[PDB]
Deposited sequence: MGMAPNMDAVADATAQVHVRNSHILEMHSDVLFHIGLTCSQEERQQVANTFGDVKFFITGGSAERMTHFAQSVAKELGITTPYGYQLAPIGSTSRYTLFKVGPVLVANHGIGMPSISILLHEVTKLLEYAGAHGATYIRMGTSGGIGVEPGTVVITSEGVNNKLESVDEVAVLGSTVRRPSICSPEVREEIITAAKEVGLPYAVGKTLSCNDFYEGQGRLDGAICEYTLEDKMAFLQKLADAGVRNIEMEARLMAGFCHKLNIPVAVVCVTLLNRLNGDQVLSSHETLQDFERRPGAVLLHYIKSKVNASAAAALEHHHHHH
């Protein structure tokens, strides 16, 4: 219906394409037949997760088998580890915007060559919540920055303020997929996707602190009153790009606290451990349910 468009012409005018960071080249693996069937991309923080989820989303549809399976397919940078289970492309992506833009840049063409039409790209990860007790899966509406507006900025030799819608109907299908289970609170809200974990995020335990709590309260509570329900680092970008690759994006991010009470956490180890496994638990069944019905 619609296929992975890349607004790049000069790819046409190239004998051969190499994707440095994953370890992939063209005129070696055949993109059409290798990668053309994958209807869901899905990325996460650390190949300590997306490896697991590439085993779980293999468990749900039944691509599961007793042998040593789903061996990591991408390399070059040990930063990017990949798998391929069925139509699913489970791909970790490091920390923060620039890490996640490469993966998303070289996954776009990685599909375009494959010719992918139907591929949903969803970010699983973690975050901190504003106004949202621990364990709630704040799906993303837009990608705000530091001025509570739905725009990430992309210097290109110069400017480029790119929008960051998350993909309504898709979000509706994730929402309809954690309301089709009921075991965890699954609400929606805008995200402050930030570039500095310590100062950007309000926090009071970095190494360059020129504000207090009375003034981190203001911001956070201005994040809340402005639309923002969830704090992380990769997602504005991750909605600028996919909205301008004709690729439906979404972010699925357990909040690991409500920073209206603090800056470090309270529940013991076992509590964080289910929370942490809920974005995939809802992303993997959300997925099986698009593989059942397709």
The deposited sequence goes unmodelled at 1-13, 41-43, 311-322
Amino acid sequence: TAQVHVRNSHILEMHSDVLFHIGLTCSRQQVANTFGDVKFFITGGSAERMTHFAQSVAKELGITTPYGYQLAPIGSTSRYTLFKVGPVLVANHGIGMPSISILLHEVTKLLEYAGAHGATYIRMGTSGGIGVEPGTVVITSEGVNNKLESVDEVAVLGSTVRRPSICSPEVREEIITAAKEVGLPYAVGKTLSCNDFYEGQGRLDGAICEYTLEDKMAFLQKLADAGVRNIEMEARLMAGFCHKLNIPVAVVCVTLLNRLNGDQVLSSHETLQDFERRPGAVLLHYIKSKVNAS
From here on, numbers count along this sequence of modelled residues.
With B-factors read from the PDB entry, the higher C-alpha mean of 141-149 and 69-77 is in 69-77
Taking the deposited Cα B-factors and averaging over 261-269 and over 31-39, the higher mean is found in 261-269
Scanning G125, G129, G189, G118 for peak Cα temperature factor in the entry gives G118
Looking only at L237, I231, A47, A226, the Cα with the top B-factor belongs to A47
Split the chain's modelled residues into thirds by Cα B-factor; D205 lands in the highest
By the entry's values, the third containing the CA B factor of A155 is the highest
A54: CA B-factor among chain residues, third -> highest
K109: CA temperature factor from the record, placed by chain third, in the lowest
Binned into thirds over the chain's modelled residues, the C-alpha B-factor of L245 lands in the middle
